[PDB]
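See structure below.
Every chain is named by a letter (A, B, C, D, E, F and G) in the order it is written, and numbering of its residues begins at 1.
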Amino acid sequence: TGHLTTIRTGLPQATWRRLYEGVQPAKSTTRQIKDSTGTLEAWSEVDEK
Amino acid sequence: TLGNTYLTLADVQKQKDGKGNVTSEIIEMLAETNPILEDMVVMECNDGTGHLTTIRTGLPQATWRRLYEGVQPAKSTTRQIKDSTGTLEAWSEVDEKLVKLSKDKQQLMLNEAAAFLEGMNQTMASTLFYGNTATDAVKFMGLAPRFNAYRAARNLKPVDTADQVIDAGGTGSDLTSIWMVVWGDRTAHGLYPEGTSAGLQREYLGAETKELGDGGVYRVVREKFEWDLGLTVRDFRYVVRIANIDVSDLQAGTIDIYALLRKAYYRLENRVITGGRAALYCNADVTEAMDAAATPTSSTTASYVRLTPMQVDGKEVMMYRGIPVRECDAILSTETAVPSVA
Amino acid sequence: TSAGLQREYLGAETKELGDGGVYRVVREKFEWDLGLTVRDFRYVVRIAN
Amino acid sequence: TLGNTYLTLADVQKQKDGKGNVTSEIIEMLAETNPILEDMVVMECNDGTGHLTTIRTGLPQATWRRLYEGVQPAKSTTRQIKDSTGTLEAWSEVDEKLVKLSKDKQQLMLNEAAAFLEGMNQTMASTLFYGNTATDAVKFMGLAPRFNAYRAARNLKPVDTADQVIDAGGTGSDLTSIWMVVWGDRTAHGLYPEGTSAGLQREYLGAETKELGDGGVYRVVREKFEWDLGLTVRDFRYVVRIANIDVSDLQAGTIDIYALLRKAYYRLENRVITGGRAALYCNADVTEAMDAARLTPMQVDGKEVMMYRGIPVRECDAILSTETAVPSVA
Amino acid sequence: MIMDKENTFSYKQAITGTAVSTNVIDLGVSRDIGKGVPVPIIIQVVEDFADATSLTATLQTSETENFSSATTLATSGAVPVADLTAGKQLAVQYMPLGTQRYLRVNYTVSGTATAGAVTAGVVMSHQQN
Amino acid sequence: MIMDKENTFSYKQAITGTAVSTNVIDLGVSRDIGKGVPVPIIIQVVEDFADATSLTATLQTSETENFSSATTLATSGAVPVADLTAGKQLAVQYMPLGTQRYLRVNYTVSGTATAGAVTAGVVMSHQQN
Amino acid sequence: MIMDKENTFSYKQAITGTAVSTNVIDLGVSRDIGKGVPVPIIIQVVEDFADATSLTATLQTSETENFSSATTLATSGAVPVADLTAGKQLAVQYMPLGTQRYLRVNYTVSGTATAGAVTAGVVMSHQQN
């Protein structure tokens, strides 16, 4: 269904973990954008004789 | 609400090609380059409370001895300063079925690991250049907090660090700065506490068994990402930064870069003797303007540089005065005013 | 789809008319479809006006 | 103030015994037999997100050529349907010291795993028959909600789900239903998604350490059980439902099952599928009502299997006999 | 269907009155996630409606936790209660385009209701027939 | 966009004045499209517009070849005059659910413009960006 | 600079009034932590103060969980609202002698403070300018 591309649109914000303190995990926030083709075509009949 | 904390299903759908396989090639489009963490020297603290710096704050100035006079013996005073290291880490939490239904585990781990590596590198460079632990109690002192004050006059010898910052007349939220650090055993360097290891350490914890507060045991998988370091600017004669560099200018011909850079070069009181490797880090706006004022074409009422054919475009900005110019993306073109010490 | 500007020498044909007419023709067909799919506009910059 | 949450000493004392250790013979007293789980085939979800299916919908119209006359090209229009899936899991929890305290660990988990297997079989059969995505979006749609309607007069050709449901007539809170299905790759089968294995997946997570609101960490052994299963109706003309069978009028002589069965067989599609098992799915009340004495069983090793016109009659304990009335699409 | 907890707007929410959704999916970055590979969504009504009259089912998106100014990405219209049975979908199949910052579902109802529930949220793959 | 004739609602059709799609799709029998595999469509404005207040491109379907039983599968809404610009995808990214024998596109414009065009149909792979 | 969760008397704790510490520390047996090798402590002020008059940085210790009986170990006097900025320590860098069983920090203020924060607690390595 046409070539797809995967942009990354955000990154985690890590925290300075003081000892014995919990860190809340984060995720890689990606994003997608797809593209398509398009055809050109020409013909020529030239009366073989 | 939320939906931003853990790796939801929508993201996994977004991270795969149309064939139904996870994407190997992910366009980052948010990665940054920061060779400060690459060229920096770092070694274990390997001591007690912390890294120790000994600064002299007194000299036993001699006395003009008259004949038949008792010169009073004098002593040399010393001052000590210690700097500490900092630690941060980040975690990845994903459902195991989120992995299994994606038909590919190692690819998802690779994608998330690369993203986390980039995120930590960016965060670390940001804190190195701005470690304002004055209001944090973590995020070890960087470079801007030490020099976040300039002295307009009296800047003859480095009595304080307010003589190591050069005003440039800037105003507004469009200010920036240029750092010229010298990495060396005595000049300045990075630091990590003993027992740990240098660089980013990553650990694959495998499948977990996340237990909920209200009786829930859904199975997750996590990876560990750990990296700790600290700074120690032994001498404030080895670091000079320019404050109030208004980017409303520096794009037009109002502030000359090389004027300020020479002024700062001479403010660097310890380039007269080799202490260690030097550097001059920028934010890629300064370097753009620097090539705009070093290979001038139709510039504004300036630029005594005279060009020749084949040299009309520009070549590079690699070295300032023999100091390598490493371009660090951590620096921001918004830094707020650095005030004038009265 | 094959890569790049294609070319197909179909050879001789028949070209049947709409009134029973018939005479040989030879047809050469040129085809090309592509899409540029700038995957990271970070790698592209434009100066306009 | 109870003792039923996790496995306790009482249970192991009651199962692991026999003047010794764990027994390998735990009798499944609650073991409702659902041969639907055995007859039904399974197939990996090759597509990836929702088992897909291509069904022919239009047919080309051939032609007779008349002394070199042209034949127009013909299309063949196709419909396509997606069959989502669903997952069930379960988790065992025994204190590690409790497991070690019993002489055996493998068997004391094996019987606890057989328990979970039986529970998953029961729940999956129940949801296979009466499983609705309409109310439980986390439940893969079963056989019933795809047919909760019926046409008054059947169309000339099956063109809808409602055209494959026979209204046996009835009301109240005692009606039941009968299913005639053919299990086949082109008819109907189970679905274990990609990556996920087929059927139940027992997973033994060794030993782990727990927590509470105030520390109190203790060692637990956790067995993870999972089963993914999707249901697809390929060529739905192979599934016919006889709805609103009043069990009260069925126990008495008011309605005969044989008329309903013959009507359903009329409304079925002739078996042409290769490798496709087929069966009847009727509760125990229906086969009890088959006490009407030439329709006869057939020779398969002399087994307790009725063979109504070359079709095994698998009596399924999961077919609940208090369904809701099936409406008519007038 | 394998519809999950987090990216889910409402789970069996009655919204019998003129209420709104509860789990406002918030994303810090304007991904506008519909682009490229699709993402299936449902606003399927999960249990019947008794005495309502219309169930405008907007998909309001805004740029603040509180939707001070919201934007519509899918509206079902004034669906009469005669269709608000189980399985009555109320918007398009896949994710729309234009999800700027925040996303909450509105449930404007003409009059009140004594019964009604929905299960609006993101689904891995739709269930059809 | 790999468009195609024999599956196109209208090729470069002018919009000025209330009118319908020049070509009406005919799927042989009244079977369904939107279900199962997604089918992208783009009822998108191609050429700019004029004083016309709005535009109401709706995807009407009907069992009969001529549309006497209107059925809105999806509606563009009353898009304002300002947004009638080239490249505006006026309706859903994918084909809505419930396709009958025939489908049309109905253009209802508040007032009449001196400019405006639309190319609507099903594409092989809807091209983003 | 490394810190802990337990060995931490406060973390950006508000002092909008004559407040006291939050995380009172226990040490099992009574013991004396000031003896032997020094153990650092940081009483750095965060979130620069606005309208206070004097910040009393008493370091009360007790033998009971409730500080019915308290034993002052250090103080900083009536440090004015002026100064009290970020990075301003307000007690001895290390733990004084006489840590009976528990420890806490008192924050007596001669008036009302509309801002202010503290980070009292043990630090693995003191940070000297």
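Please note the rule applied: contacts are C-beta pairs under 8 Å (C-beta built on N, C-alpha and C of every residue); 3 or more make two chains touch, one makes a residue touch a chain.
Under the touch definition stated at the top, chain A and chain G share these contacting partners: B. Inter-chain contacts peak for the pair A-B, counting C-beta pairs in contact. Although chain E and chain F carry the same sequence, what matters here is overlap: shared residue numbers make up over half of all numbers found at their interface.
Ranked by how close its C-alpha mean sits to the mean of all protein C-alpha atoms, the top chain is A. Centre to centre, using the average C-alpha position, chain C and chain D are separated by 54 Å. Rounded to a whole number, the gap between the C-alpha centres of chain E and chain F is 25 angstrom. The mean-CA centres of chain D and chain F are about 43 angstrom from one another, to the nearest whole unit.
Chain A and chain E, compared by their mean Cα positions, are separated by 27 Å. Looking at chain B, residues 4-6, 8, 14, 17-18, 27-29, 86-87, 101, 136, 138 sit in touch with two or more other chains. Of all residues in chain F, those touching 2 or more other chains are 35-36, 127-129, listed in ascending order.
Residue ranges on chain B touching chain D, taken from their complex, read 20, 97, 100-103, 209, 211, 217, 219. By the touch rule above, chain E contacts chain D in their complex via residues 1-3, 42, 44, 46-47, 86-87, 119, 123-129.
Touching chain F in their complex are the following residues of chain D: 52-53, 57-58, 75, 77-82.
Considering their complex, residues 27-29, 31-32, 35-37 of chain F touch chain D. Across the complex, chain C meets chain B through its residues 39-40, 42.
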